[PDB]
Amino acid sequence: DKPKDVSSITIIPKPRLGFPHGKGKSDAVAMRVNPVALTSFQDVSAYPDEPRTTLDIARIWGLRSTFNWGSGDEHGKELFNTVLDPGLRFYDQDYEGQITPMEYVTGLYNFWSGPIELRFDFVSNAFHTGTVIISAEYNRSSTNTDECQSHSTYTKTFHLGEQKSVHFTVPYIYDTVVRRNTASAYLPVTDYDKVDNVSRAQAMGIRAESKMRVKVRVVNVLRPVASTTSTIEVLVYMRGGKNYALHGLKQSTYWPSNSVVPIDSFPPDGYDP
Amino acid sequence: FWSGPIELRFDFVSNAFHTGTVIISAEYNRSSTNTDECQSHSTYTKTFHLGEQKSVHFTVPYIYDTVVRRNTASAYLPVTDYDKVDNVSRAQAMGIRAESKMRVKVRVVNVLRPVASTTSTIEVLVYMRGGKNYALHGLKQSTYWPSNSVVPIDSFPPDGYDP
Amino acid sequence: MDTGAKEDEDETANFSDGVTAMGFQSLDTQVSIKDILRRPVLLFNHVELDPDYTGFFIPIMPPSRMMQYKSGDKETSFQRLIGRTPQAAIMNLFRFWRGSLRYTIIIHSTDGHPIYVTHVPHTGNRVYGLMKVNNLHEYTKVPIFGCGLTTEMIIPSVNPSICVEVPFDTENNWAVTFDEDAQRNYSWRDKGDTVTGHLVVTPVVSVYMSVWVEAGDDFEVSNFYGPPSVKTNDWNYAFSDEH
Amino acid sequence: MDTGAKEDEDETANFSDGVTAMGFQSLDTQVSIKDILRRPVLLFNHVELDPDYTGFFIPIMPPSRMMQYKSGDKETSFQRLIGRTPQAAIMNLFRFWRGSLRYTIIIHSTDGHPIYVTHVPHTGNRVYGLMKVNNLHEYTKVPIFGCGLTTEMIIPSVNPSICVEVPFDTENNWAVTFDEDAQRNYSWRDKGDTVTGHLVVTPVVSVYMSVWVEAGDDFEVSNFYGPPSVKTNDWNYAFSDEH
Amino acid sequence: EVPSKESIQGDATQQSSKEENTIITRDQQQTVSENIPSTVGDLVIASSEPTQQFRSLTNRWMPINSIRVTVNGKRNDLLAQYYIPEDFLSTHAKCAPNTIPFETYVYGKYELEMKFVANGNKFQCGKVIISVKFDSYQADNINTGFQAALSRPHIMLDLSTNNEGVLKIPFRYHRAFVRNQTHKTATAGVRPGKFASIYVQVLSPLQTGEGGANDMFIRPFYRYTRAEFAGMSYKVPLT
Amino acid sequence: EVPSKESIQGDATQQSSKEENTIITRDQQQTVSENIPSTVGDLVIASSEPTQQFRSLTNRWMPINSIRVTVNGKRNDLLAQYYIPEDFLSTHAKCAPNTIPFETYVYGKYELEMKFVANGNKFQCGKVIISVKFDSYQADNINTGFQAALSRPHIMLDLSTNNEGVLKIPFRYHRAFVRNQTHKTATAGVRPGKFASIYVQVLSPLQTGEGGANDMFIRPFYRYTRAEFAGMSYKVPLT
Amino acid sequence: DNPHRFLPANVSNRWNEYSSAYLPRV
Ligand SMILES: [Ca+2]
Ligand SMILES: [Ca+2]
Ligand SMILES: [Ca+2]
Ligand SMILES: [Ca+2]
């Protein structure tokens, strides 16, 4: 018999399946003998200690900055003062160097949120003594010479002595549940084009600069014994808090600045000396 | 790609009056001097006492730094008319030949001492095949092709079969 | 097939057989002979179809030395690398095959003209390319696709490609894979036993096509012949990893 | 990866850890490294395919600094923003990767000509762009897609795009993501360990194509390297919200 | 962990490590990196024959070259760097019994441990960082700063407290084995003897007091916690 | 023990020995000396620290120099002689992996096995005897004839039947350990590296037929069945 | 020619990579 088949359905044609997505379905065709065979990870597989998410990477302590503290720094003096924006280290100049893991990874997103952690490591010895006060300041800032304005915020006073390190969790206090990155979502400039206002007026966005700052001021002047160094370096580490969040994949704000050479064809492109 | 042990069989085309001893060795990564038997003796060896039995089997271990080895032949060779090759042709080949340094040698241990009545030189046949765990992967253009009696078909009987 | 294990009488100690690497990188095993023969082989790469002929004939036979190109011989419409494909290499080891073959035909066009593919069962001849059956000079009034033979149609504007499976319509138990000389003039009924019929492609207007072939699902090979004399000059066309 | 928590010995009081904002706006979490690597990256934007060559070669390797554009260096056919995509930024942190990659190839055409995509397993070289294998001057009689390697076809009149998944056909446990200098002439077998093979696209007539790449489902990265030295000049190209 | 009051020999509360015929004591605390896994499962396939271990020779502590730290060292400066196993075979502690098996086996899988002992005085200060980079051939000059070091397995040394540090190094390589020796008869297509790099870098410059010493020293010690050899060959001199 | 009828590969009834990564087959029967004891109980006292074994390196068969037997050899003639372990370290098979541990340990207790393979043809004839003499330093030239050889542990080889022979050598020395190497810094008061001698002697001259070969060959192979090393030191080249 | 091809002799080892003895590379 050759009965007619009356089954039918209306269809909407599309060229690809799951093109924009990072998960879901794919209509990829395997260049294999068996269309469903896959790579084996039975013996060779990702080591369990490798990071699995960008948040894991953001949880790695990175050295952000350093500053000096000497026996000559009078009380109230700002030893450290910075806008704490994981989106950009500077709003008025280029950055080049070893960015921290959390800033590197934050540079891939348009939004971030949650507390940020700092760790101050005083490169000193048991004969250095003094006290500093760390403060997280929001919305409105303090004068460099008005220590009291810093003391009115979220503070942690550290008594430097036998212990040479102090941890500080920077509270997340803003008028929005998340904050938008100050870097750009797309920057087509590749040849360091001398910029003008028309270029800026036609940028991908408008930089919402942060006013949130973290400062470290002298409480009790550093008083090391004469036999040791009178000035010490303080290392400032930074990483995302346990509830740090990231969202909105975009063009990476940071890019390799050292030893960058694009591939050529090997051995066709003159590898045969 | 290929992998796994390879098997060898040495058949001595002799008779019961031939006698001697040889040592078979599988050498990896680094090789021995033709005149330094001791360097061969320091590897994976099997010494065979030739006599009443005229054949010996030898399994060549698979010992490499990779789970499989890539073929040294090409995956694609478009040359069909024996084109005189130059370096530009080679620089534009499908790959780079990862030549093997693994060797199998057979050295004299005890000099062959046949009786005067028989031949003083014998031929030894070396057979080879994949071990029971030999593996193959990655279909590609065949490295070998028929070299004898190769004639492409024509139309039968249209192409002048009617004499 | 005779392994020769029967001749290996040595029973002295040996080194380990180790552990197989099959499946270590992936589960895509490629050692099954039928699996290999089921992947397509290009026969004709962009060849012409002319409506002045009955059609372009494709002899139903798997790839083998029968289609091997030899430097210096006359130019045929067959692609030159057929003889070095893995499947031709396999077929050169088996002189018998039974079952169906699958042909993937692509018409280089987007027109609404139908192109017909007609199947001819085993008739005794073995031809390929454009041919005027019985040497007439017009075939649109006596089309081969309209004579009663099984025929299928391709409409390029819908899909310029098609995959057709041809049956094992022959009187023999097995089809003979190859001969030592594809051009020798010997006993005519035996001469035609290397094919199981033909596939004929007929266009409306002049157009080009490409053809691939592979084994069907209902397919078997046998009569293992052992390996032939071979050659290779691969070494000469590439650098080694030591310059 | 070593978090450094081991070096944080302070145990004095701290401010609250708060509550995460993940999932507050939506459930589309985008922090999974594999999820990020599975979204497509543009490699070639409208590049030419010429039938006088064997085809256009695409080395099988994920996006990374190996394809980064540097102002002032020679012009390549690679799109210039690959080095700043989130996935290249991630790959610049992992020197090992294992598994398959998926390529989305678009042929800018609506013709009925088939365009073939052929997969070449790891052979030791690393090339990209149009190339005449073994420097011959004609390839239609010896097409790479007709030699036995795995091949797939695109027919633009049906769909000008295709997505193919290439296997991890290599001898190594892991593929090496990048080198400090992609143009340094060092030990040749090591030089080729940054790719797992090639994908070759071959047309019938001259035509253009675009290529995107992404990680397959069976894919893993490892050998975390930590962050590299970076730079940014974003600040200079936009106004702040205070004029 | 806790000091005691002074007695005839001071504050006698040292800890120590004994591995084979070698012992190393420590006066203060010690920092240790995480014990992480190596690739497993390829060994039995890459080598048809059994692989070997010689713990009594390889698992003992062996001191390598002395490292000098001066007040002139700047952050990020390389104080020392090792390509392993290569540098432990043909450049540092060359006559060590730990090197014996490498003279006869052509391949190997190696898991090590490196202990660092520093001796700065109580009026000095500074920070040094030691990290490992797996399968570093042709990638030593990138991801090579103190930032990358702080992200990879590492240990930190404070130059005035003299805490000891132990870096645990698993075998993570893109091949099943690493080649042990180069040889006139071996291929030049593959650079052998290097599956990882160890970097000793300045994190914060050494500082001293008035008329104090302008330098101090650090000493690295290594030992294999798991050295498996494959592919026996005739013995050869190392590199 | 029993031959079979001829087939494609002749009379396929060989026996074989596999030790580590070395195999040795035999076409006919084999003669083996008695398995006898070594002194036990002094090891734990002569060495306060643990002693070591490296079986995969030392317990494999290693061929040494070829021995030529000619029709001119007279009964009692020395065909070869070995002072062990000395001659297996610095004169025969010098690059053997079996020698590796001797480069770093200064003392040792050794138990060996020596296999002898001969190949004379069916028209030849003769008898050779191999024996061992324990702690032979300064006593090699007495009790050294075929008579003393027939009294000490020995094996006999018939030059036409080609039976194999295996000599089992225990460690019998007048001290607890034997010293492995001489050295410019070591004492000259004690001759090191020799706890025994092995002699290969003619028992009955090799004879051949008309136009037959005037010689044939024998090959010795050694392996330690138990090599214990003590006293680790820096590695040195052998003798 | 291409300056990337070979590292200067004073900073590299026989494998055309920075020598482990060359500390100034950073
Ligand atoms: Ca066995
Ligand atoms: Ca076994
Ligand atoms: Ca708390
Ligand atoms: Ca709380």
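Chain letters run A, B, ... following the sequence lines, proteins first, then strands; residues in each count from 1. Heavy atoms only: backbone and side chains are in, while hydrogens, waters and symmetry mates are out.
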> Of all heavy-atom pairs between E103(E) and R30(B), which one has the smallest distance, and what is that distance?
Replying inline: O-NH1, 3.7 Å
> Salt-bridged, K101(B) to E242(C), with N to O below 4.0 Å?
Replying inline: yes
>> Less than 4.5 Å apart, side chain to side chain, heavy atoms only: is that true for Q25(C) and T170(D)?
In response: yes
> Minimum heavy-atom separation for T58(F) to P101(F), with atom names?
Replying inline: CG2-CG, 4.1 Å
> Would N16(G) and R184(D) satisfy side-chain hydrogen bond (donor to acceptor under 3.5 Å, both in side chains), going step by step from the backbone distance to the final call?
Replying inline: CA-CA 8 Å; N16(G) 195 21; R184(D) 190 175 298 165; 4.8 Å; no
> What about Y137(E) and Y186(D), are their ring centers closer than 6.0 Å?
Replying inline: yes
> Are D10(C) and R9(B) close enough that some pair of their side-chain heavy atoms sits under 4.5 Å apart?
Replying inline: no
>> Just by distance, no angles: are the side chains of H122(D) and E171(D) close enough, under 3.5 Å, to form a donor-acceptor pair?
In response: yes
>> Check whether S16(F) reaches the backbone of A13(C) with its side chain - one donor and one acceptor, N or O, closer than 3.5 Å.
In response: yes
> Do the side chain of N125(D) and the main chain of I96(B) share a donor and acceptor less than 3.5 angstrom apart?
Replying inline: no
>> When you measure from the side chain of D86(B) to the backbone of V88(B), do you find a donor-acceptor pair of N or O atoms at a distance under 3.5 Å?
In response: yes
> What pair of heavy atoms forms the shortest contact from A182(D) to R126(D), and how long is it?
Replying inline: O-NH2, 2.8 Å
> Is any side-chain heavy atom of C38(B) less than 4.5 Å from a side-chain heavy atom of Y234(E)?
Replying inline: no
> So among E37(B), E27(B), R103(B), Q39(B), which one has a side chain to side chain donor-acceptor pair (under 3.5 Å) with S32(B)?
Replying inline: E27(B)
> Would you say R5(G) has more than 12 foreign heavy atoms packed within less than 6.0 Å of its CZ?
Replying inline: yes
>> When you measure from the side chain of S233(E) to the backbone of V106(E), do you find a donor-acceptor pair of N or O atoms at a distance under 3.5 Å?
In response: no
>> Does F12(B) form a side-chain contact (heavy atoms from CB on, under 4.5 Å) with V56(B)? I'd like the steps, not just the answer.
In response: CA-CA 9 Å; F12(B) 300 74; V56(B) 66; 4.1 Å; yes
>> If only side-chain N and O atoms count, and only distance matters, is there a donor-acceptor pair under 3.5 Å linking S187(D) with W15(G)?
In response: no
> What distance separates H174(E) NE2 from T66(B) OG1, expressed to the nearest 0.5 Å?
Replying inline: 9.5 Å
> Can you tell if the side chain of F10(B) reaches within under 4.5 Å of the side chain of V106(B), non-hydrogen atoms only?
Replying inline: yes
>> If I compare all heavy atoms of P170(E) with all of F195(E), which pair ends up nearest, and what's the gap?
In response: O-CE1, 3.6 Å
> So, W174(D) versus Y173(E), ring centres under 6.0 angstrom or not?
Replying inline: no
> Within a strict 4.5 Å, meaning less than it, do heavy atoms of the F177(E) and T51(E) side chains meet?
Replying inline: yes
>> Between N119(F) and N110(B) (side chain of the first, backbone of the second, donor and acceptor by atom type, cut-off under 3.5 Å), is there such a pair?
In response: no
> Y224(E) and ring pair (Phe, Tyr, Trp, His ring centres under 6.0 Å): which partner among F229(E), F102(E), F171(E)?
Replying inline: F102(E)
>> When you measure from the side chain of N21(F) to the backbone of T43(B), do you find a donor-acceptor pair of N or O atoms at a distance under 3.5 Å?
In response: yes
>> For the backbone of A96(F) and the side chain of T99(F), can you confirm whether one donor and one acceptor N or O come within less than 3.5 Å of each other?
In response: yes
> Crowded around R107(B) CZ? As in, over 12 foreign heavy atoms under 6.0 Å?
Replying inline: yes
>> Walk me through whether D190(D) and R175(E) qualify under salt bridge (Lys or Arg N to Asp or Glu O under 4.0 Å).
In response: CA-CA 11 Å; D190(D) 294 299; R175(E) 304 198 186 93; 2.7 Å; yes
>> Ignoring hydrogens, what is the shortest heavy-atom contact between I218(F) and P220(F)? Give both atom names and the distance.
In response: O-CD, 4.0 Å
> Are the side chain of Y28(B) and the backbone of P61(B) linked by a donor-acceptor contact shorter than 3.5 Å?
Replying inline: yes
>> As an exercise, state the distance from OH of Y105(E) to CD of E228(E), rounded to the nearest 0.5 Å.
In response: 11.5 Å
>> As a test of understanding, state which of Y222(F), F221(F), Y82(F) forms a ring pair (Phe, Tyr, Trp, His ring centres under 6.0 Å) with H92(F).
In response: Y82(F)
> Between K46(B) and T12(C), do the side chains contain an N or O donor and an N or O acceptor separated by less than 3.5 Å?
Replying inline: yes
>> Suppose we call two aromatic rings close when their centres sit under 6.0 Å apart. Are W188(D) and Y271(A) close by that rule?
In response: no
Would you be so kind as to tabulate the donor-acceptor pairs closer than 3.5 Å made by side chains of residues 1-8 of chain B, with sequence neighbours excluded?
residue, atom, partner, partner atom, Å
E7(B), OE1, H57(B), NE2, 3.0
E7(B), OE1, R129(B), NE, 3.0
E7(B), OE1, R129(B), NH2, 3.0

> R90(B) and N236(C): side-chain donor and acceptor closer than 3.5 Å?
Replying inline: yes
> Should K194(E) and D135(E) be marked as a salt bridge (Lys or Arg N to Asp or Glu O under 4.0 Å) after you check the CA-CA gap, both sets of side-chain angles, and the distance that decides it?
Replying inline: CA-CA 7 Å; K194(E) 178 181 180 176; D135(E) 202 335; over 6 Å; no
> Do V190(E) and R189(D) come within less than 4.5 Å of each other through their side chains, counting heavy atoms only?
Replying inline: yes
> For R191(E) and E86(E), what are the C-alpha separation, side-chain angles and deciding distance, and is it a salt bridge (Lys or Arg N to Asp or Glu O under 4.0 Å)?
Replying inline: CA-CA 11 Å; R191(E) 114 69 121 190; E86(E) 185 176 71; 2.7 Å; yes
> Which pair of heavy atoms, one from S136(E) and one from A196(E), lies closest together, and at what distance?
Replying inline: OG-C, 3.5 Å
>> Measuring from atom NZ of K191(D) to atom CG of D241(C), what distance do you get when rounded to the nearest 0.5 angstrom?
In response: 14.0 Å
>> Working to the nearest 0.5 angstrom, can you tell me the gap between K115(F) NZ and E19(F) CD?
In response: 8.5 Å
>> How long is the straight-line distance from CG of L238(E) back to CZ of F88(E), given to the nearest 0.5 Å?
In response: 14.0 Å
> When rounded to the nearest 0.5 angstrom, what is the spacing between OG1 in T239(E) and NE2 in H183(E)?
Replying inline: 11.0 Å
>> Let's go through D87(E) and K94(E) carefully: what are the C-alpha distance in whole Å and the side-chain angles of both, what is the deciding distance for salt bridge (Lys or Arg N to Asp or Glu O under 4.0 Å) to 0.1 Å, and is it a yes or a no?
In response: CA-CA 9 Å; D87(E) 289 342; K94(E) 298 189 290 302; over 6 Å; no
>> So for atom OH, which belongs to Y22(G), do other residues, nucleotides or ligands contribute more than 12 heavy atoms lying within a distance under 6.0 Å?
In response: yes
>> Pair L112(F), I84(F) - check side-chain contact (heavy atoms from CB on, under 4.5 Å), show working.
In response: CA-CA 10 Å; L112(F) 311 71; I84(F) 64 178; 4.1 Å; yes
